[PDB]
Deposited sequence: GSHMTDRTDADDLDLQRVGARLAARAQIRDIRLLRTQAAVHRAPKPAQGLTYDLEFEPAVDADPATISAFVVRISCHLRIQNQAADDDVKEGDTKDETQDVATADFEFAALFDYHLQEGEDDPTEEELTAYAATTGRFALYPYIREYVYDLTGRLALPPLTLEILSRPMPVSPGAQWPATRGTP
């Protein structure tokens, strides 16, 4: 929030892309037994602010869909990227970039991640998984 406020007033989002994906369905789902999921996110930022005034926020995801009552029905590992640039006056530091990625970066990318999960699970013929809407402090 504060650590990244300075970069937040000067940074503009440019584009979003999928970097990579890998997924497979292993077994039939069993809603009636109880179907569940685990979703691990890992954020990262790529920058080199002395050479270019552009950075990339990446979120790596690991999705595990499982039959309860705990057997795996499908798994996916994918990663999205968001491209930003800024107009400077002092270069952004690693802390500033990290805080911005953790807040604006993460919440910009989350809807793309949710849409992808919904699309993928549909394509694998699983019950469509719609992730929860994540709260953000205003």
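Q.
As a test: can you identify every run of the deposited sequence that has no C-alpha position in this structure, in order?
A. Missing C-alpha atoms (numbering from 1) occur across the ranges 1 to 15, 85 to 97, 117 to 119, 170 to 184.
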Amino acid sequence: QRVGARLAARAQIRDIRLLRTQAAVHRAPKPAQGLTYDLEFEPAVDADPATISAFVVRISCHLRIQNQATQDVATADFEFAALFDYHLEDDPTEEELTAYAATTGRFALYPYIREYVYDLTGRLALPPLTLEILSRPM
From here on, numbers count along this sequence of modelled residues.
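Q. Which is higher on average in the deposited entry, the C-alpha temperature factors of 90 to 98 or of 22 to 30?
A. Taking the mean B-factor of the alpha carbons in each, 90 to 98 is higher.
Q.
I need to verify one thing: averaged over C-alpha atoms only, is the B-factor higher for 128 to 136 or for 1 to 9?
A. That would be 1 to 9.
Q. Per the entry, which of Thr36, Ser60, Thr51, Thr103 tops the list for Cα B factor?
A. Answer for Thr36, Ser60, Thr51, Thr103: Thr51, with the highest C-alpha B-factor.
**Q.** Largest Cα B-factor, entry values, listed residues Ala76, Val73, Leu109, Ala69
**A.** Comparing C-alpha B-factors across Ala76, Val73, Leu109, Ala69, the maximum falls on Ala69.
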